[PDB]
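Shown next as C-alpha cells: one chain only, the form deposited in one PDB entry.
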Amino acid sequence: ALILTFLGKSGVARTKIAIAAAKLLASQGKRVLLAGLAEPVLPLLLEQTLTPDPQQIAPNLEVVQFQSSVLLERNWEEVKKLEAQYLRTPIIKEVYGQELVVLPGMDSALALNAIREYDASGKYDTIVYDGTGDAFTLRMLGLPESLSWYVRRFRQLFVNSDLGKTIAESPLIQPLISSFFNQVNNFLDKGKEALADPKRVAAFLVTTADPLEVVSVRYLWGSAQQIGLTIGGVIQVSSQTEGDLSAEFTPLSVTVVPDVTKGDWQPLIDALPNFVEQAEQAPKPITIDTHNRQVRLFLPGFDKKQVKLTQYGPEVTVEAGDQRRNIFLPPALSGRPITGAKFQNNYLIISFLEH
C-alpha cells in the first residue's frame, strides 16, 4: 500500500485533509484505511465512534484509531508467547497487558508496527495516516533506517569483534544460557525500501499563507528529505492571510482547497490533487553521481549555516533540521576528502577529491 500522510502546524486542517483524501480515494475504488491517533476530532468530523479495530464507514473506506494502550497490551501477549517458548521459567507472564504504561517512543513504534501489519496484509491500496504532522512523525517514519544504523553498529562491536568471541566461547556465560533457555535486516530493509519509494510512502505539506506556517512547513520539508520521505506537494488552506505560495515551494505544486462546512465534504474532495502523480514527480531526496564523485541532497528550507557535515572513514553524516542522514559512501567516493559542499537551487552538492 501507499502510506499517505500530511505535515503542518494545525491539526484540525490536517485531519480534514486526511478524511477528504481517504473519501476521494475510496470513491475511486481504492481500498483505503484511514488511521488516526487517540484524539477526539477525527471521530467527531466523521460523526462516528472509532475503535482500535478498523470499521467500515463507506465502501472501500475503513477507519481505525491507534490507542497506544491497546497496541501495547496486544504486543505484550506476543511477548508472553515468546517468553514461554524461549524460556524454561517464565518471568513476566504475571504482568497483565492492561497494566503497562506507555513510554515515549513506544507510541511511535507501536503505531508504525500497526501500519506495517496493515500494509503487509495486502488488504489496502492506500493507508492514510493522520499523525502529528511534525518532527515526531518524521522520527517515526525514519525508524527502519534508524534501527538499521544501530543494528549495524551493535554488530560491529558486541559481536564481529574479539568481544564477540570472548562471549561466543566463554564457558562462563554458555552454561548460563544453556540454563533457563539476519532476519532483522530483511525486516528493516523492507521498511527502508518502502520509505524511499514515493509509490509506497509520501507526505504532503499543509499550510496557510501565514509566513510563520510557511517557514514551518519548509523546515519540515527539508527535515523530511533527510529521512528520505518524498514530499509530493503542498495543500494551501484558508486563513485571514492571502498570498500566492507557488514561489515559496518551487518546484512543488501548491493546491488551494476550500474549507469543510456542516459536513459537506464534496468541495474539498473535488479540489484535492492527484497525490500519486505529484509524489512520483517530486524531487528525489538523494542522488549519487559516481562519475563526478558527488552526492546531491535535496534540502529545501536550509542554508549552509544550518547543515553540518561529518566524515568518518567510509561514512558521511549530514545534520540538518535536527535529523541526521548517514551516507555509506560507495567505491567511487569512499576514502576521498570532501572538497566542497555548496547549495545550488535548494540542492546541497557534496564534492569529493579526485586527486
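We number the residues from 1 along the sequence you see. Definition used throughout: the rigid core is the maximal C-alpha set that superposes within 1.5 Å between two forms.
Just so you know, the form deposited in another entry exists too; it's not on screen, but the next bit is about it.
Trainee: Which is the one residue in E315, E319, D289, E39 whose C-alpha moves 2 Å or more between the shown form and the other one, relative to the superposed rigid core?
Mentor: Correct option: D289.
Trainee: Classify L329 as shifted (yes) or not shifted (no) between the shown form and the other one, where shifted means its C-alpha moves by 2 Å or more with the rigid core superposed.
Mentor: After core superposition, the displacement of the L329 C-alpha between the shown form and the other one reaches the 2 Å mark, so yes.
Trainee: Fitting the rigid core first, would the Cα of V12 be found 2 Å or more away between the shown form and the other one?
Mentor: No, the C-alpha position differs by under 2 Å between the shown form and the other one.
Trainee: Taking the rigid core as reference, does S121 move its C-alpha 2 Å or further between the shown form and the other one?
Mentor: No, shifts by less than 2 Å.
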